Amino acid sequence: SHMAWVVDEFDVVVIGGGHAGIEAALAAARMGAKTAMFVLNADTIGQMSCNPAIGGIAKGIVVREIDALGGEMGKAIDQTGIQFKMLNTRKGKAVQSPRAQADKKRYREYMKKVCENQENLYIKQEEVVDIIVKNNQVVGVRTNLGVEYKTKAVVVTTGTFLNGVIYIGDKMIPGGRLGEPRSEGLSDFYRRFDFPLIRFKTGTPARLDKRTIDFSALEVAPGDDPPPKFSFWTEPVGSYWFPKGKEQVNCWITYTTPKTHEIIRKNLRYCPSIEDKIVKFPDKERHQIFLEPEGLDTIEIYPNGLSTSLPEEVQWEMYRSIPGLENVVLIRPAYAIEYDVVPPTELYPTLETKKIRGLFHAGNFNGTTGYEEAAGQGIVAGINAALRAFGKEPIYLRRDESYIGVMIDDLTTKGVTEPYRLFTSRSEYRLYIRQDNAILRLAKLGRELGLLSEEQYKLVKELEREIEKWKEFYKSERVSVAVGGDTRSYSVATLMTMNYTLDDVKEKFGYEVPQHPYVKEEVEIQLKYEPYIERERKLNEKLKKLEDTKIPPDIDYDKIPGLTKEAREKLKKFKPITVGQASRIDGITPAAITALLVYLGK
């Protein structure tokens, strides 16, 4: 009688309606799993609580990847962004990453609409306080209303809410976010099963009133024209560029002054709070600040670079010492949030818990910070939760093929000491894992899982085919050029390696060029970088070998000859899925890898 009815039983239960939860719930539901997404306040689904932006150095590529796998974040920002630009634009297209300013309000509504109308997905406003487990297998969930719902798998994405404490000056206020409640009960479930629990703390700037800011002397920071898109599926379909002339808004730049730093001092690894970095870098005389609009209708301005947790009275003084903000009025005070986190090392690269079958974690609760890093994990967790529910085998993303894979690999293999951010990761395949080819690297898996339709993948296969045609064509079409006082014969493909664009080649030599925007650009990029991709691949050949060497899930590390005791210990807890992953465990020696390889018969 405390048990919900048949009509209230699910395959997958996602705890959380944030960035991880949304991708997870949408992925599972779209794969056919009857999914329930629990949320503390149904009106906050999809809410952006920090920076009003999507994308960035590594973040932007992850979004592109989420979009390729069949997720929503990419489509959401394309439809609700108010500014788009490319970062690292002076060093070749391969190192670039897209970034956009979002209209927070429109973004939230967009995600709520897609979620509400998603077939097989049900939203439940209720606080989950416990997970029901039978023989290390997830079988249900309980809320603080004394009810229980049956489920086959659970994806936890409590974000910054679990036992959240808001910090402002010496005031401590319970909550998952400023002005919102926090969750509590679920933490007892984790202690009860002996899961390690740690607390992370991150801050956010105050929210400023646009009418009280003098922008007159500030430098304008505009978008790009034509602006890049995050989704391969939005209009223009099969392309990553918006039409030239798309309507965009501005951002403004200002800086801290020595007076700002003195105010902070009087009131006293990657610590972003202005207060922290003036102590970490006592010598920098000024710190850059980006004033960002929060939407087209709102007057709130997000001052990027001024996150703090100082008392509100001090916030007034420090914010008003910044040129342009002399008379600024705060709408929302800056603050810092501390919450519960379960160390990622408790998971396999499938995001599934080692202790309990059918339990997956994602987002800030998993030790990361950021919308994108959360959404990237969420889609994987959602995918695997559905698979589990269907009695199939969970998958994982190889770090040598996607940035989502790199992130997940570092979390579950290295663990975290502080919140993980995508820009701290080091991809050994940075030339292959680019912004322009997420679609080519992940679309197959996306279609395989059923997230992409037959039609979506058909477009991908076609373009991929067109691309290969032209590459083989330009590689067979030679041309004679006068290099100084001597004459040479080079193929068009090779000319791309010598500062020629396809447009240059057509203009000077009259050759033809792909008419499809994507094929046209992707061909140029692949030919220009072929030399480096091949060299990069050559250098990591040994990493590739290890990565392709699977380790039995039923492997008894105690029966392996030539493996130290301290090694069996680590290999016993991390439980690597491949020898390549096993070699990344901090502390394992090249010898151990050998013993293991020998034992595996290689």
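Residue positions are given as counts along the sequence shown, with the first one as 1.
Engineer: According to the entry, how many residues of the deposited sequence fall between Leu268 and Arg269 and are not modelled? Options: none, 1 to 3, 4 to 9, 10 or more.
Structural biologist: The entry leaves 10 or more residues without coordinates here.
Engineer: Take the C-alpha B-factors listed in the entry for 58-66 and for 533-541, compute each mean, and give the stretch with the larger one.
Structural biologist: That would be 533-541.
Engineer: If you average the CA temperature factors over each stretch, which comes out higher, 371-379 or 165-173?
Structural biologist: Comparing 371-379 with 165-173, the higher mean C-alpha B-factor belongs to 165-173.
Engineer: Choose from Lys354, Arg388, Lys112, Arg430 the residue with the greatest Cα B-factor as stated in the PDB record.
Structural biologist: Going by the entry's C-alpha B-factors, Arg430 comes out highest.
Engineer: Could you tell me which one of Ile322, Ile404, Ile467, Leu186 shows the highest CA temperature factor in the PDB record?
Structural biologist: That would be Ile467, according to the entry.
Engineer: By the recorded C-alpha temperature factor, relative to the other modelled residues in its chain, which third is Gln125 in?
Structural biologist: Bottom third by C-alpha B-factor.
Engineer: Looking at the C-alpha B-factor of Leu495, is it in the lowest, middle or highest third of its chain?
Structural biologist: For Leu495, whose C-alpha B-factor we compare with every modelled residue in the chain, the answer is the middle third.
Engineer: For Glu148, does the deposited CA B-factor place it in the lowest, middle or highest third of the chain?
Structural biologist: Tercile = middle for this residue's CA B-factor.
Engineer: What third of the chain, by the recorded C-alpha B-factor, contains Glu219?
Structural biologist: Middle third, going by the recorded CA B-factors of the chain.
Engineer: Looking at the temperature factor on the CA atom of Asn41, which third of the chain's modelled residues does it land in?
Structural biologist: Bottom third by C-alpha B-factor.
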